[PDB]
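Notes follow the structure.
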Amino acid sequence: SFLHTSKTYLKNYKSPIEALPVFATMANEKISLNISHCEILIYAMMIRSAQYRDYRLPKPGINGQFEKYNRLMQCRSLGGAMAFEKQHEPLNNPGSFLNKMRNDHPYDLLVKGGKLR
Amino acid sequence: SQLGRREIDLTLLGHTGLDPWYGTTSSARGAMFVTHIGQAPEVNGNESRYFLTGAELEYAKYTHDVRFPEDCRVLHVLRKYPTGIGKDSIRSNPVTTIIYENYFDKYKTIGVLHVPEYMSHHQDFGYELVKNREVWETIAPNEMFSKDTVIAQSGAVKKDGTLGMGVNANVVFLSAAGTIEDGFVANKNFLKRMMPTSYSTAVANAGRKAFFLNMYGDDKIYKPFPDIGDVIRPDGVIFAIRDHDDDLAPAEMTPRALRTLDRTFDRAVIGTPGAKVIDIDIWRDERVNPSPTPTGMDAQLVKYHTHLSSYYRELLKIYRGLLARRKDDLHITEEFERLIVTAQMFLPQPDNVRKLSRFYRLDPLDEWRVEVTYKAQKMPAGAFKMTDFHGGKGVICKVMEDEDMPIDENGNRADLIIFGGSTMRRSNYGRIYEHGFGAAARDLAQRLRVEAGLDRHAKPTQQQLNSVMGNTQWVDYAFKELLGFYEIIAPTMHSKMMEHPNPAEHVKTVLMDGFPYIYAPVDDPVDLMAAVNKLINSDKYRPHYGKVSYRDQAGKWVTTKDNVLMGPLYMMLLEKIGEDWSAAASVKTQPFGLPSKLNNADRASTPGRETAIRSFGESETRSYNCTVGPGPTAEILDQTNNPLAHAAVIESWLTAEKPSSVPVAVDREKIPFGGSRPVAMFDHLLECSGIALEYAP
Amino acid sequence: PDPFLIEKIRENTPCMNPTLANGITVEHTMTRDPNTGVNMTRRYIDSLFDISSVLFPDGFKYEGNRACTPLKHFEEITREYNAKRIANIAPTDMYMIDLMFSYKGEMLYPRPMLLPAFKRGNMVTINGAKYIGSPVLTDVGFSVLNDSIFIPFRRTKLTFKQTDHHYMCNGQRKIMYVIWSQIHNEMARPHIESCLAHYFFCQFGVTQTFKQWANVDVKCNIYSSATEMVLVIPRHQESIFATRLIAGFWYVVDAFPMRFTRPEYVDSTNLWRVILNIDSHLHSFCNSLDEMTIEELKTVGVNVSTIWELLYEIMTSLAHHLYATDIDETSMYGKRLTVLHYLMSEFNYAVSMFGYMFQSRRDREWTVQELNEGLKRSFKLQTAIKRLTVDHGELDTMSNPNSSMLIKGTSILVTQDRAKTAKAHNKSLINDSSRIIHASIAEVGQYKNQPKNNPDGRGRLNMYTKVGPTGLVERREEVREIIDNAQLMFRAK
Amino acid sequence: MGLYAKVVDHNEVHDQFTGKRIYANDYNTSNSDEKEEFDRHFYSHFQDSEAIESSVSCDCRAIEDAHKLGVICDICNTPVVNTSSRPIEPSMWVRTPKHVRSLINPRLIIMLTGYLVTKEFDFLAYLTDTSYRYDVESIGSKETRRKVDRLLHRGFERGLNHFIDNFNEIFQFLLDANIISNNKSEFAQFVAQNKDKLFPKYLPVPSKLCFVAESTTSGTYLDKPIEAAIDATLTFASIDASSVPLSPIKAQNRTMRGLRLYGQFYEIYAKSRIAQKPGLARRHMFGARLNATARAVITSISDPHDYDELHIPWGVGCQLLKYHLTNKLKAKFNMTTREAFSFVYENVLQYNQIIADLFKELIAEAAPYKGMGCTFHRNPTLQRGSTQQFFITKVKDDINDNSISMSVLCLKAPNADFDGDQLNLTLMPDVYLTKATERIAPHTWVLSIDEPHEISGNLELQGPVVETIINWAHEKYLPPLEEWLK
Amino acid sequence: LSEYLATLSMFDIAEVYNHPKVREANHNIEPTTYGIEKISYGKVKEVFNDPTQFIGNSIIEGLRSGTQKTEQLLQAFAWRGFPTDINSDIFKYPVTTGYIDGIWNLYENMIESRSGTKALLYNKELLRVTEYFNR
RNA sequence: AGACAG
DNA sequence: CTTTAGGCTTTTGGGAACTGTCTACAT
DNA sequence: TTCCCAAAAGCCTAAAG
Ligand SMILES: [Zn+2]
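Chains as they are written, first to last, in PDB author numbering: chain A, 543 to 546, 565 to 677; chain B, 2 to 698; chain C, 2 to 189, 199 to 230, 247 to 253, 262 to 310, 327 to 543; chain D, 1 to 486; chain E, 137 to 271.
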């Protein structure tokens, strides 16, 4: 629930700098997990300019908001969306047809037969 | 602190009552133990447990056999495939039918009872039925018999009251390298003592579609399949039926072509080689005017069909006589009714009625149907699972010779080697108790064998035991020692043996068996560790806790530096013995090109399974895409999915001077990417919707 | 081994139950009476037909059933059926009976049927496959579940639940449990649920219901709604049942009351039916009680003779099981080991549907042709067997590599939810108050025998269990003592 | 750079086919001949539950030979191609009827179905076809009722030709007030950029392999979603299979009915035969049922060995290395390939010196490696060590050993214990694949992925070896240091 | 090292069991969490952690080198402590006997059986959810 | 979708 | 004043471990 | 079967011509 009256969801945080320690403590309470892994997971959770419907990873890594799991999976790369649930949702989505800059996922090369270009 | 008091009965725990020391093992180990009891096949060499509880008596009492359900008079005895000498002679008779009459009833119900040479319930394991000699000889028409009379009982049921589930192995707890992780180290002799018997059935249909080949006969004599009591070829192959084509007559119907088996384009059923054939069941549709099988290749088929037809005709005649005698008073057992109906389905119908279109689960039947049932003895040498009647389950990871196994100074040879520390982790300590106690008891018996002028590890002859019994003094002394040991171990058994009529018989039985069998009940008032301390701190009854010498993997004969104790554990074999290995260089393909699953007829046609294993799932392809670049993973999945790529791989294997270390398997220039069937299907289906996934420009 | 040692071991050992070791399914299915040679299945069929005989048009007598000759068995199995005398070659352990009816002293066409013919050890062979027939541990008259009284009938599988509701008495707010039960299957302003008192008011008048089921009068102490109408009750003639009726009335009235304008219409019946008009459903509910349910309820300790008596008992005497239950769902004592009622579920359903769709057509004269057509369309050859291998979860596949039927064959119990198996469900078995530790396991079932089917002790059957006639799990006294103490510890706080 | 979806112009696909173009409009059906031809084009038939023998065949089951490759069958006017490698192309085509302006793109239909189609009212149906029956007072909602009232007050013509011709204004009105209420910017931009591709004249009816009918005893098994597609095609057939020619309004209504059936079919098929846990994307597009693969119980070697050393047994070695053995037999001995297969299969359950020598020579000819490269899998695949590369070194001479001697050291990388577990083995058919798999070799999981400078705990020695080392090193075989000096 | 193997039998278990401090730590115990899992287990840990008490014993030599986790040996030689039901609740009455001695009562056997059942269920269904989250 | 094996 | 936008609360629907073996299936 | 969680429906409240 964290990764994907007051609760502690990840999307509620403004910047990842103040969001990492909470997740680090929460994980380290029971599982000894390195800070680098937590940073990688949170940075995977991130999104740059969510208003402009841009879903690729922010650079350098702070200039960008957070986003929920399903929107990131179904709005980042259709190749990665095919391996996750509800493929008809991104297939039947106007945004998927817009020529927007997108990130690359390994399943792309598996979504097609292996053609690089 | 009431440490020696157990407020439990054998009644509150059934299968857990099969062993004592149940409370010294963790509950997970006990549940696994009961499951392994459920999953254990029957071994040819069955022996009673050294430590006995009252449960084994009940479990032996309630087993599978051939029982007369009521006080009945045997009316008829019938036997398939009559035994003797002649032209159409049969070596062995599989099944005997007994038609009996349940008298002492107003109805006098007539029933049927089948006595086969075996009884099988698991898919590939069974057990031979040993017939009671005192009863089987008396089986005759017009004879008297009691209720619940036993015939053809399992070999696991002993002559006395006990059920044999496993084999007593002189286990040694050494942390040898052979027992890394969860394994066993076994010798050839003990594994010979544990050979499961496997009963299997092979079904082949030959009609207008195909005809049997010649695999068990010479040029002169045509034999499609082995006779009853025959042995399968060194390459286990039966039937090998070939499709019937007239235009290919001078090619695939010559005498050499019939004997020769083409692995492709022919249909064989491949069982265990060297497996003796138990029996054969033949079904024939005799009301087809053009017989699909050409003349010459229907000798054994007609032979066995004639024998079966005579058997079922005699059954039908018996029923007809009974009906003509007692119309409207012929209340019969349901099994007898079903047998008569099966006989009617077997025998041909009269010409005034349409013929029977026989089926087997929606599967049509054409002309000849052959069911060959055969038995084999599996030799365990690796990948065979074993359990120690506790939570400890393992796999045979090393098989050595009898000489190479650990041997004590007394001469006791180890049958198994187990890593001791596992007991410290899985927390199944009862084993050790058994182990420990067994050793002491064994040594005690051996001690008597040394004090009676006998030899250890050698069953004395009746003359030697008679000579030993000549003097009462030593017999009484040995019985007193046995009483003391029982008092140390089992006070209940101590009282029982105090109330003993003939101690000389007990001593003689102990000497003959070589081990004093111990009755250790579930509600046994024993402090276990107190008994262990008593055995350790005693001049007698103490097991020989000395050095043990064995042979390591380097061939040296090395003696262990610290004292090692050898003790009898009651082992048991499990199912999942292997034989399900599925290696397949190339797998047959669906019309939509992709490997598929194996149907029954097409899965029982290859030596070992030929399944296409899904070793690339979503998780596996995840790991590959991440560890290695997606390129090679896509190449592997393209070789598997695209049939042309797989054909290119096989062509590269075949057309290379070095089939190993091929420079490039598929020349991607000749076979470009994108030809994989699932991906092409997905892309085409999307294009039919008006969309297509393409790389960003 | 020493023969004397084995003799003493036998002497100092309690024997198991020949009823359970040889196969309890065998005893409850294929046991013949000595006075007359008739199986348990045949007697069960006769009992079912005698129960359903109340719905016959005065002359359609059910004569009985006979055992079919194997000549006739083969002739009937293998019929012409469009010039293809199709026969299924397989062991298929079965036996054929024929049900015979009579009409005004003349015979009809007998209807043949097939029956499983269990062997010793709970073993059957169906279509060439060896199956094991396990009994089902069923509650005798009704089950008490997390918050519910679950009562099965021949047709319906009803559940009585409860909720809380508020009502004003003498100007002060009071809280009472309203007991409801959804009965209209098509059912699945605040949303409420069909209260039992709502059914009372839908059948009888409100004043009629109060007068008939209590010594209480109604006007239109003082009872009134919370958040109009006023129900006044004599100051001394009060009862818990009357208060429950008041609570149910206000539960049904407080959220709805746009259809309540003149309170006197509350004394009627059509208004209540409109509030709930499927008079066919109402009549089926009224005549939805049969003899087996009445007998089981008498066995448990209830005296139902009519379904309205059942509703009164639940509202007054059995409601104790809904909030603070003396018995517990966790135990397994006082339970039946039923076999036939689950094996013949298909046949029971077929007989019920035949009776209902035969009475529901007409009450006029019945012609022999129409009766024969109905029997042909109702009682086929494989009526009770077509769904044995797919719809019944008590018939498992035998995979025993042993000569002993005790370890895996004859010592399997199946819970009702696992007995149906048509659901294909997974309750996760952890967040369930049903699967709590109970000492009953030690006497009924086998703890430390923990298959993945039921990882607790209820999966298997204790082989020393004392089971009396008609498959009722009795309690052995001696061990019971110890067992009692254990149970207290299991509930230590 | 990413992977986005692109709208395909069906007219371009129709023009690029350049083969045998047969249309579904011209199947009048209602008679044996045309129904059978339609069943041949559609309805990939499997007559009996039996393995087919035609490796290469035409559309008809008449040319069973395989040497006739590319020969145009006179019966079907279709070339003969491999059954497994049969190209996946649309089986049929559908053109605009004589009184219909064009056809709506099924993607556009599916996109508009999410918003226009509602439980209380079908906006797209009302806007497109005329034979749609509705009751305004029967609308049990409020937002839907207001949308319906606004649409009625706007007053569009309810003809398909009007909807296609004036699609811009109708779509703008749909955008404006409340009708879609979300994703307005993306959907409007999508319509504005791909307007020309949303109304193709021709529409493809999917491949014969998409639709499967398996006839057997007790009938003919089909699927559920296929049904919808069938109806759609049949609808267009009924456009031309009319005794009385339909009026343009009726033709538009039937065309819209067929298009809606197509949209429903594609939506249901994407939801069921792709999206579900078993399907196409999640079952076959990302790996399924490799060839040259074995699976066996892991029994190992407790002997001085190498960690990158594996011992495949006799049966697994013979069946897995079937074509390697065939190549060796053909190269050395004057044996035909049939004799090679016969020898190999005959000697799977039996031992001989020849095949053992062939295994040894294969492993030796795998020169710059310990043996034949392969991958070894333990399920479930959790860690890097669940999948690891090994090198086959020797088939076991014991026929009774159906065992796999993976190294002791590499056991802890997966959760592999010798308790009766079967693991998977994939034979690498190439040196390039072996070099690629070298990144999955065990030496990759030595360094812990969760500690900066520490070797992973998976390299720790097993129980028996550690206990032996303890009993050897930690023994009092010498006096203490003070007594040793003194 | 083909002769420096490790061996297990009743003698090692007796050697650990007969130690007087272990016997004291297995008697006169209040049946509470503090009185069992902090006092008696503390005494047994002190006995095991002493580098002089047990020398040449395979069990404790393995224990001192991490071959055996301390928890299983504690549950064996010392009192088994408060098994769990299918739901993760603790029974009020603990188990008086460890695994080296026999747990022969009915209450204790049933509660440890429920611990095993908990193990099976927490394996199966928790894997079912955990692998999906991992994916 | 039920059982079994890991 | 009338007619739509905005954000919170309900309701609904897809989804819920991997590999292998075996089992079921016409009236 | 029951718990997760997002997406569409639906509802009161508020701002501009
Ligand atoms: Zn053709």
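Yeah, the Cβ is synthetic: ideal placement off N, Cα and C, and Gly gets one too.
Determine contact between the segment 668-678 of chain B and the segment 98-113 of chain D, defined as no fewer than three beta-carbon pairs at a distance below 8 Å.
-> no
Under the three-state reduction of DSSP, which class applies to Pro113/C: helix, strand or coil?
-> strand
Where does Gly134/C sit, in a helix, a strand or coil, going by DSSP?
-> Strand at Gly134/C.
Simplified DSSP assignment, three categories, for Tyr369/D = coil
When the cut-off is 8 Å and only beta carbons count, does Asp221/E lie next to chain C?
-> Cβ-Cβ to chain C under 8 Å: yes for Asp221/E.
Residue ranges of each beta strand (DSSP E) within the segment 443-528 of chain B, 3 or longer = none
Within the segment 318-355 of chain D, note down every full beta strand (DSSP E) run reaching 3 residues or more, in order along the chain.
-> none
Cutoff 8 Å: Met428/D Cβ touching any chain A Cβ = No, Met428/D lies away from the interface with chain A (no Cβ there is under 8 Å from its Cβ).
Mind checking whether the beta-carbon of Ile52/D lies closer than 7 Å to any heavy atom of ligand 1?
-> no
Taking 7 Å as the cut-off, is the CB of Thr216/D close to at least one heavy atom of ligand 1?
-> Not one heavy atom of ligand 1 falls within 7 Å of the beta-carbon of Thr216/D.
At least three beta-carbon pairs within less than 8 Å, the segment 130-142 of chain C to the segment 74-88 of chain C = no
Contacting positions in the segment 558-574 of chain B - beta carbon closer than 9 Å to chain D | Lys562, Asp563
For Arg378/D versus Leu329/D, is the C-beta distance shorter than 8 Å?
-> no
Express the C-alpha separation of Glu341/C and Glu336/B in angstroms, rounding to a whole number.
-> 34 Å
Contact set between the segment 200-228 of chain E and chain D, restricted to residues whose Cβ is under 7 Å from the partner | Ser201, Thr203
Between which two residues does the beta strand (DSSP E) harbouring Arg268/B extend?
-> 267-270
Where are the alpha helix (DSSP H) runs, 4 residues long or more, that stay fully inside the segment 351-420 of chain C, in chain order?
-> 357-366, 370-373, 390-393, 395-409
In terms of residue numbering, what span does the alpha helix (DSSP H) encompassing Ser596/A cover?
-> That run of the alpha helix (DSSP H) goes 595-605.
Give, in chain order, every unbroken run of the alpha helix (DSSP H) that is at least 4 residues long and sits entirely within the segment 125-157 of chain D.
-> 143-154
With 8 Å as the threshold, decide whether the Cβ of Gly640/A is near any Cβ in chain B.
-> no
With a cut-off of 8 Å on the beta carbons, I'd call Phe360/B and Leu309/B a contact; round off their distance for me.
-> Wrong, their Cβ atoms sit about 19 Å apart, outside the cutoff.
When you compare each of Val549/B, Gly412/B, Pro295/B to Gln447/B by their alpha carbons, which one comes out closest?
-> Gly412/B
Closer than 8 Å, CB to CB, is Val125/C near chain B or not?
-> No, its Cβ sits nowhere closer than 8 Å to a Cβ of chain B.
When the Cα atoms are used, what is the spatial distance from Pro660/B to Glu365/D?
-> 8 Å
Pick out whichever of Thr294/B, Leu214/B, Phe146/B, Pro251/B has its Cα sitting closest to the Cα of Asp267/B.
-> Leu214/B
Using 8 Å as the Cβ pair cut-off and three pairs as the minimum, do the segment 222-231 of chain D and the segment 261-277 of chain D touch?
-> yes
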